[PDB]
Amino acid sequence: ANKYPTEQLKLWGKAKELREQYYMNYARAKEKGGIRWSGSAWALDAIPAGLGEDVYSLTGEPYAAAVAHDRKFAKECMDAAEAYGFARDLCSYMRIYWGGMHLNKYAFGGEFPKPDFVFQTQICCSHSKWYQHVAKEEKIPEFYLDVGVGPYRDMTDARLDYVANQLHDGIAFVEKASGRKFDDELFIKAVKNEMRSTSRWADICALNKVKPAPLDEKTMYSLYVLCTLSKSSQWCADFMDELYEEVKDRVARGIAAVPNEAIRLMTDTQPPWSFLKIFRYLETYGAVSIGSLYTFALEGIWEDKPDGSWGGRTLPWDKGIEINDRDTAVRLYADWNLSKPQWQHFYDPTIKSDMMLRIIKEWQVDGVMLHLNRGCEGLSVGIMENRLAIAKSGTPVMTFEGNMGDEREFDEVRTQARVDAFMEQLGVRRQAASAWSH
């Protein structure tokens, strides 16, 4: 039954329109002599932003996720990549992207738009292989930022130097690849907007700690995506600020995403994009997903707050730190990105275990549903150790197997039955707890 007031998000249409405009801008970039580039959502996109306000990216994973939402087109793309000769168990986003390039079809209409260069971050092994194939097929320059310097908590001066010095190489690379002169003012503005957008996304997620949750994770998938498109843009930073104001007002008014909220769930990585209806099904039980380390920190950037809680990282200028020159901005930009929570499990899965346990506590989670995602080695490494750590903690936890991009490795019927069994389990545990504490 509906205990809480509920309301649709007012900025929904704007969130959808900003994403559509991003994809249309990439395709139309050349009409007015713009620059186009491609790389991961984890690329350090403020660097190409130093080349102008008409520099448009296509981030590889969000594009592939958009394709995966169209089951037929995703299958066609994967079939083209397989025809070239790639193993079907490679990253499903990478296979999709490759296939769509060979088919020469853009998901939003027209030919697959050729990027002027590749600007990539490498932490997952597939990060290089993805764009090595692309750069060869498109005959374009390619640059890779190796961020593999170990956990942020162990960072040394020399590790940060390695990343910072590579970024200086990246500046020289984008100047040469584009023929344009890099502008320090535009670069610094872009670093600052990326700091704003990623910290503010974390601030928004932190508002979900309250009961009732003002946002449900399925809705959040249309909001966390903006930082995966252009976190260093003014439009993304400004929209995050606007969205924060709306979510604050929902909290202030007691607004629930799910009016019958009785169960709070946490997920993990990469949901199967053509099967988001599972979230609506869970709503019928009064279950809301409050998020995941993935939704919160694929791009969100976090810090420990004065009360020990997790919140958006403090912007350097609110801490008395000046950013008035290229070299300072590069080193602060490298440090900001190296603190990304979703990079840490590449080195030490217990860091992610502890992060998940902390989310469970601070977001008042009743149960955890973990996707064993066969489509993504990078976000799945360590997943079984994370499951074990949650299991030892006493929080109910279940797994389901799937693949975020390739429906052939996702069993809708079995997964729904596993989730329904989990809702039953959570009800039984509540009955037992009530009976024991009277």
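Each residue number is its position in the shown sequence, starting from 1.
- The stretch 269 to 277 shows the higher mean C-alpha B-factor when 363 to 371 is compared against 269 to 277 in the entry.
- According to the PDB record, 257 to 265 carries the higher mean C-alpha B-factor of the two stretches 257 to 265 and 197 to 205.
- Highest C-alpha temperature factor among 182, 93, 117, 152, as the PDB entry reports it: 182.
- Reading the B-factor column for the CA atoms of 380, 393, 59, 403 in the entry, the top value corresponds to 393.
- Split the chain's modelled residues into thirds by C-alpha temperature factor. Residue 98 is in the lowest one.
- Among the modelled residues of the chain, residue 317 sits in the highest third by CA temperature factor in this PDB entry.
- Sort the chain's modelled residues by C-alpha temperature factor and residue 239 lands in the middle third, per the entry.
- Ranked by C-alpha B-factor against the other modelled residues of its chain, residue 14 falls in the middle third.
- Residue-level temperature factors show residue 51 in the middle third of its chain, judged at the C-alpha atom.
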